[PDB]
Amino acid sequence: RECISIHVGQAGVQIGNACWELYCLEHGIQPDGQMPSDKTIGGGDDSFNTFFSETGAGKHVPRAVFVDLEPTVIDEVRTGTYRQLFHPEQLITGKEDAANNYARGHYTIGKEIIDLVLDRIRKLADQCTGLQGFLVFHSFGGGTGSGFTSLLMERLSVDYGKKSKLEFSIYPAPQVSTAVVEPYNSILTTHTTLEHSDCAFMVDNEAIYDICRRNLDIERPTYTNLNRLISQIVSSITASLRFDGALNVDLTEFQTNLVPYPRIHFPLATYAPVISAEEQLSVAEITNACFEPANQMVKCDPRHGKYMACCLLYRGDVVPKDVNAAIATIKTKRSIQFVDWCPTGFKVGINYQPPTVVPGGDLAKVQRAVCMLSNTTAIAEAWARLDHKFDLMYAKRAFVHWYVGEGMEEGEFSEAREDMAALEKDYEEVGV
Amino acid sequence: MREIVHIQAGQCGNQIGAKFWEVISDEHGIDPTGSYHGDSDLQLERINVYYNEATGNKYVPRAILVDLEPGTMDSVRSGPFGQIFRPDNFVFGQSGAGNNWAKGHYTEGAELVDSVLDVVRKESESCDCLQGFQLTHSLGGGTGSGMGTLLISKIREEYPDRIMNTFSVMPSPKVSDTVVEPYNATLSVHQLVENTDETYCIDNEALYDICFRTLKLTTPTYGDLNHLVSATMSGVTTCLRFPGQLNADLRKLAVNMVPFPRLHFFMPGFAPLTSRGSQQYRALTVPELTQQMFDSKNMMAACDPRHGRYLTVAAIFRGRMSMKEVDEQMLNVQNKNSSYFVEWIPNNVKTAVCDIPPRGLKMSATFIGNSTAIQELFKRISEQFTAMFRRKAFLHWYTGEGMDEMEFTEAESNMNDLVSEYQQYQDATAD
Amino acid sequence: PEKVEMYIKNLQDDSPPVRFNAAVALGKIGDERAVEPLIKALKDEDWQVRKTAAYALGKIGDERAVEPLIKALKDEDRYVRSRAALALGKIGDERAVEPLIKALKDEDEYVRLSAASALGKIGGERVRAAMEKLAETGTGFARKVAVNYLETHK
Ligand SMILES: Nc1nc2c(ncn2[C@@H]2O[C@H](COP(=O)(O)OP(=O)(O)OP(=O)(O)O)[C@@H](O)[C@H]2O)c(=O)[nH]1
Ligand SMILES: Nc1nc2c(ncn2[C@@H]2O[C@H](COP(=O)(O)OP(=O)(O)O)[C@@H](O)[C@H]2O)c(=O)[nH]1
Ligand SMILES: [Mg+2]
């Protein structure tokens, strides 16, 4: 019946307020939490209460927590347009950040704040009749995004066992890249979180930067441009959980349908249409575009891999017959290779609520949209890119002294890489 | 990671240190009485890094002014921004080191050091979250070198969790005709290799060459050299002073720039290089700025970048310019020069664009490089030292001031080791 | 008034998202003319149209909707059943007390809860009598709802 959202570090926090901006707009909630009869969504039945608690006033408060080891990013939330929406105890900040060092976010600095964060989550969990689990937002490359998330994921497994933990991860890019050591932090977080996450949706900063330049025509896309797009995709993924829809309703339906092997839990999300506000696309067109590598959240070639799962989540002006017709052409016309032991079944969901766009945002308002979730072998390409970068620096032990001096053992680097090697072999072997 | 505590030691330290304050105070919109008289909101956003908000609307530099020569005290206070410094923060002796390292590190300097540590303790307390320390000094003298490195060691032992960064000016026969300078420089480099996290190598040989060969300054003064230093210190600390992502704090910059703890000596650079008051002419483009970043003639340390490989590079562009232009020009410079960049350090060249340009310039570029070619700088000092130390010439001036000959041998060993280390990574392949 | 005729003809329309959007609209405005067409949409082919017609009929309140909503508590779709139960709770007609009590033994948690909430909203005297009888001769969840109602009512 309820989900808690945890936003860790700069990326996670900044994405969280872009997500929450869209959630409010989608469910007809004002920045103060009020949902008045003029702004109420209309068509009765609403399951947004999985993400928003209701105060005695009639104020809808996000079941969200924002954590950063420095105050800069959350101060913007506290002074922003949504200052009124969240309660002060939900927004947690330190003084000294993790300085793009995993060991600071996991050990030294992270250990100082872990206990408070847990009590702040406990305040939210205590307001849930039947808490399903957590949605964790963070970067791979920041010291807090990598280090503190893995430390928190570890502690949430102990403190909340039979509770799902689905991630939204900021995969690094050389374009928006504030650190050299991001490959180290990425391998370290993925190693320690692997046994604690149930599902992980990666967002490759290079893909969104490419999408903004190609589809939205932004010359040099900023964090503002990327985030409006991330939140559009993320909303389409989480829509199942906030709406009275049939496919991927609870966090368990999401795990059951999308993940057949436990370690191999990284679904690749695609989204169409991503149009700049500057021409109407049909169900056939938007379904077809899901199978185009250009429109993917993560850079990878699905024609080089095998699928284990394939879900299509449509929203807006989407007719059942048109969806069936579109799927039928994709089965007969495309070269979509599935693994032997799993059936070639496209799980389809349709929500007739029109797409909600960001006012003042770079995205145009479309009649229909689609978010495809594919569990493909091709995502091992994202791991390989990262693993090679890691190997280059690690062989000469460059920057390692920064980690060993911050409560970490050098062997945890070799142990981490070994887990990545196994993960890469697993994707290879599963795709025969 | 907010506040930065500044310490300036000796003649050079106080001269170059005062020019740094004069320049960044003007940038942050501060007059010599400490009142903010600017227009941009961005000028005061990260003001708490280098200034304390003493009293009302007034700003104070978090600066500690040290020298064993008391003459320096009046020079600073009678200067342009002399009235903004805390009167209690001036710690001055009545003697002088007479360009003896042993006099600043053990005798006269060690007497005054505790009084300085009292002042640094005072400033560290009115600090919400101290980032670290920044020392402005000369390696060629006695005070800045000996007392300055005693201070570094004393601060390192007191504040070990804090970053220790320096702006060390390298001696040159072209600038100073003092004979024992290689001893003072070698003995200081030995301290810096162990007790600093980041050292900006400001070579007086490169400063002279830029003025003589390019600026056409017939016989430059220290005022001409210090114009290059103040402009460099202004550009290298830009990230720390204005709101930004890349290398915002001392630790975040240290993480990106330092792969190995001993290889923390940076070759700074600036573009455009304008002579002191030479009427602003010809507006540079992003490609002209990017080209002047790599150009050996624009380096503040006397080393050819083409004689080594870059381990890490931090580029800072200032002013109103296209982000597409900077991204385009920094990508070409790396591909069309792949051979001069270490292959085993992915994405080692980090770019930054700050919309506030420096005084008198509509656009500028600052370069911070961790190039293996900086071994040329240390080799020059070692050669200079060896000629003298072989004969054990003028060693009595140091050993008489409570120093040992093994200290000279240890300094020489460490500096030769550092050069060998730079060579190993220059020859290192990804394979 | 001028737009009420439009959405009533969109409720008939071929396109399922258009039929859904017509039912969402007639609940947002809520005119007495929309009662009988929304009653027909309770028997729609699509569950997303049926559940929002049910939510619309509960908001408007018209007594003519009480009978089709009673039959809607037996709809194959869990969301349609929950929305029909809640609609009957909004209307508050005592004819719904016994069909809502039968919904207390539904396989879906939301439907059971929605039936419990609806009964509490009607809270007449026939509800009370049925709660008294269920508190003594009742089992599990259905017994808890009878016992909770009589303790929330001194
Ligand atoms: N798309 C996106 N990426 C971001 C954003 N902010 C930072 N990043 C990326 O995330 C990585 C840096 O990690 P951060 O999230 O900033 O770091 P952090 O979690 O705050 O940790 P510390 O820096 O150690 O305090 C780089 O890949 C950045 O480009 C954002 O709002 N959106
Ligand atoms: N660029 C520059 N170098 C200086 C300045 N003053 C002294 N030096 C150099 O610093 C060295 C001497 O150090 P100095 O500061 O005079 O000695 P101290 O007072 O004992 O620290 C020589 O190599 C000088 O060339 C100055 O203002 N600018
Ligand atoms: Mg941060």
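Residues numbered from 1 in each chain as written, not as in the entry; some residues may be left out. Chains lettered and ligands numbered in written order. Part of a larger assembly, values for the part shown. Heavy atoms only, no water. Residues with missing side-chain atoms left out of burial classes, pairs and counts.

Requested: an account of the overall build of chain B, with residues and values cited.
Looking only at helices and strands, one finds 15 helices and 12 strands in chain B. The C-alpha radius of gyration of chain B comes to 21 Å, within 12% of the 22 Å expected for a compact globule of 431 residues. Of all intrachain contacts in chain B linking residues separated by at least 6 positions in sequence, the fraction that spans at least 24 positions is 81%. (Helix = DSSP H or I, 4+ residues; strand = E, 2+ residues; numbered from the N terminus. Rg over C-alpha atoms; globule rule 2.2 N^0.38 Å. Contact = heavy atoms within 4.5 Å.)

Explain the sheet that holds strand β10 (residues 307–316) of chain A to me, and be specific about the residues and the numbers.
Residues and elements named next belong to chain A. Pairing is mixed across the open sheet formed by four strands, whose spatial order is β9-β12-β10-β11. The sheet terminates laterally at β9 (268–272) and β11 (346–351), the two strands that pair on one side only. Looking at each pair of strands side by side, their axes are set apart by 15 degrees on average, direction ignored. (Pairing = 2+ DSSP bridges. Axes fitted to C-alpha atoms, helices over the stretch in contact; angles between N-to-C directions.)

Tell me about the domain arrangement of chain B, and name the residues and values.
Residue and element names in this part refer to chain B. Split into domains, chain B comes out as domain 1 (1–259), domain 2 (260–373) and domain 3 (374–431). The interface of domain 2 with domain 3 comprises 22 residues on the first partner and 16 residues on the second. Together domain 2 and domain 3 conceal approximately 1600 Å² of surface at their shared face, both sides included; 57% is due to carbon and sulfur atoms. Broken down residue by residue, the surface that domain 2 buries against domain 3 is led by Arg262, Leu263 and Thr372, which jointly contribute 34%. Along the contact surface separating domain 2 from domain 3 lie one salt bridge. Of the charged contacts, one joins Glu421 and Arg262 as a salt bridge, the two residues approaching to 2.8 Å between their closest N and O atoms. (Domains from an automatic or database assignment. Buried area = accessible area lost by both parts, 1.4 Å probe. Salt bridge = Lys/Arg side-chain N within 4 Å of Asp/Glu carboxyl O.)

Mind laying out the site of ligand 2, listing which residues take part and the relevant values?
Residue and element names in this part refer to chain B. In the vicinity of ligand 2 there are 21 residues, among which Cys12, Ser138, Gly144, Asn204 and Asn226 approach most closely. The backbone of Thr143 places a nitrogen or oxygen atom 2.8 Å from an oxygen atom of ligand 2. Surface burial for ligand 2 is 95%, taken as the share of its 580 Å² of free accessible area covered by protein chains. Counting only elements with at least two residues in the shell around ligand 2, the list comes to α1 (10–27), α5 (143–158), α7 (204–214) and α8 (222–236). By residue number, the principal contributor to the shell around ligand 2 is α1, which donates five residues. (Near = heavy atom within 4 Å. Polar contact = N/O pair within 3.5 Å; in protein donor to acceptor, adjacent residues only side chain to side chain. Areas by Shrake-Rupley, 256 points an atom, 1.4 Å probe, with all protein chains shown as cover.)

Describe the arrangement of the chains, listing the residues and the values that go with them.
Comparison of the two pairs of chains in contact shows the highest number of contacts for chains A and B. The two units chain B and chain C remain apart, with a minimum C-alpha distance of 43 Å.

Please provide a residue-by-residue account of the sheet that holds strand β4 (residues 63–67) of chain B, values included.
All names here are of chain B. Ordered in space as β5-β4-β1-β6-β7-β8-β9-β12-β10-β11, the 10 strands form an open sheet in which the pairing is mixed. Bordering the open sheet on either side are β5 (90–92) and β11 (349–354), each of which pairs with just one other strand. For this sheet, the mean inter-axis angle between neighbouring strands, taken without regard to orientation, is 20 degrees. Pairing of strand β8 (residues 198–203) with strand β9 (residues 265–271), which is carried by two bridges, proceeds in the parallel orientation. Of the residues in β9, the one forming a bridge with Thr199 is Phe265. Along the sheet, α1 contacts β1 (4–9), β4, β5, β6 (132–138), β7 (163–170) and β10 (310–319); its crossing angle with β1, the most-contacted strand, is approximately 140 degrees.

Could you give an account of the side chain of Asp387(A), naming the residues involved and the relevant values?
Residues and elements named next belong to chain A. The residue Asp387 is located in helix α12 (residues 380–394) in this model. Among buried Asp, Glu, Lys and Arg side chains, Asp387 stands out as unpaired, with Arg417 the closest opposite charge at 4.0 Å. Excluding residues within four positions of it along the chain, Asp387 makes contact with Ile187, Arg417, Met420 and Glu424. (Buried < 20%, exposed > 50% of the residue type's maximum accessible area, 1.4 Å probe, protein only. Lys, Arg positive; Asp, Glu negative; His and termini not counted.)

Account for the packing of aromatic side chains, with residues named and values stated.
Aromatic ring pairs: the centre-centre distance and the angle between the two ring planes describe each pair. Across all of its chains, the model carries 54 aromatic pairs over all chains by this definition. Ring geometry for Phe294(B) versus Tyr340(B): centroids 5.8 Å apart, planes at 65 degrees, classification edge-to-face. Remark: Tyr340(B) occurs in the loop between α12 (323–335) and β11 and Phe294(B) occurs in helix α11 (residues 286–294); sequence separation between them is 46 residues. Owing to a relative accessible area of 14%, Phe294(B) belongs among the buried residues under this scheme. Three or more aromatic residues joined by ring pairs form one cluster here, namely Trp20(A), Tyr23(A), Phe48(A), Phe51(A), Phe52(A), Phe66(A) and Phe86(A). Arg397(A) extends its terminal NZ or CZ atom over the ring of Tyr394(A), reaching a point 4.2 Å from the ring centre. One cation-aromatic arrangement involves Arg78(C) over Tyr79(C); the distance from NZ or CZ to the ring centre is 3.8 Å. (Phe/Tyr/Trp six-rings, centres within 6.5 Å; stacked < 30°, edge-to-face > 60°. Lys NZ or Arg CZ within 6 Å of the ring centre and 35° of its normal.)

Lay out the side chain of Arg63(A) in plain terms, naming residues and giving numbers.
All names here are of chain A. Note that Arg63 resides in the loop between β3 (60–62) and β4 (64–68). Buried charged residue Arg63 carries no salt bridge. Nearest counter-charge: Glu2, at 4.2 Å. Engagement of the side chain of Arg63 in a polar contact is seen with the backbone oxygen of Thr50, the distance being 3.4 Å.

Hey, could you go over the UniProt feature "binding site: Mg(2+)" (unreviewed entry) in chain B for me, with residue numbers and the actual values?
All names here are of chain B. In this structure's numbering, the residues bearing the UniProt feature "binding site: Mg(2+)" (unreviewed entry) are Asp67 and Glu69. When you line up the elements, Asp67 lands in strand β4. When its relative accessible area of 0% is taken as the criterion, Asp67 is described as buried. In contact with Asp67, other than residues within four places in its own chain, are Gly10, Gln11, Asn14, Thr72, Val91, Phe92, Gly93, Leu112 and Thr143. Within polar-contact distance, the side chain of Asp67 engages the backbone nitrogen of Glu69 at 3.3 Å. (UniProt positions renumbered as here; feature names shortened; annotations may be inferred.)

I'd like to hear about the nonpolar core, residue by residue, with values.
Counting 235 residues, the largest nonpolar core has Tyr184(A), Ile237(A), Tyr314(A), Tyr403(A), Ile7(B) and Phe378(B) as the members making the most contacts within it. Ranked by residues supplied to this core, first place goes to β10(A) with eight residues. Grouped together as the second largest cluster of nonpolar side chains are 46 residues, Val66(C), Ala87(C), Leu100(C) and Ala135(C) included. (Core = buried A, V, L, I, M, F, W, Y, C linked by side-chain atoms within 4.5 Å.)

Outline the site of ligand 1, supporting the account with residue identities and numerical values.
Lining the immediate environment of ligand 1, one finds 26 residues, of which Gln14(A), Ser139(A), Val176(A), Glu182(A) and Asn227(A) sit closest. Around ligand 1, the nearby residues trace back to chains A and B. One of the backbone nitrogen or oxygen atoms of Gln10(A) is found 2.9 Å away from an oxygen atom of ligand 1. Taking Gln14(A), its side chain carries an N or O atom lying 2.7 Å from an oxygen atom of ligand 1. Bound to the protein, ligand 1 loses 99% of the 650 Å² it would expose on its own. Of all the secondary structure elements, the ones that give two or more residues to the shell around ligand 1 are α1 (9–27), α5 (143–159) and α8 (223–242) of chain A. Here the residues of the shell around ligand 1 sort into eight nonpolar, 13 polar and five charged. (Nonpolar A, V, L, I, M, F, W, Y, C, P; charged D, E, K, R; others polar.)

Hey, could you go over the interface of chain A and chain C for me, with residue numbers and the actual values?
Each partner contributes to the interface: chain A provides 23 residues, whereas chain C provides 17 residues. Residue composition of the side of chain A that touches chain C, grouped by class: nine nonpolar, 10 polar and four charged.

Hey, could you go over the packing of helix α13 (residues 375–389) of chain B against helix α15 (residues 405–427) of chain B for me, with residue numbers and the actual values?
Residue and element names in this part refer to chain B. At their nearest, the axes of α13 and α15 sit 10 Å apart, and the two run at 150 degrees to each other. With respect to α15, the element α13 is oriented roughly antiparallel. Handedness of the crossing formed by α13 with α15: left-handed. Of α15, the residues touching α13 (which contributes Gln375, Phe378, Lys379, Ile381, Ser382, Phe385 and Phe389) are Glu405, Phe408, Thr409, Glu412, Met415, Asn416, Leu418, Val419, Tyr422, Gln423 and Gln426. Broken down by class, the residue content of the contact of α13 with α15 amounts to nine nonpolar, six polar and three charged. (Parallel < 35°, antiparallel > 145°, perpendicular 65-115°, else oblique. Left-handed = near helix turned anticlockwise from the far one by under 90°.)

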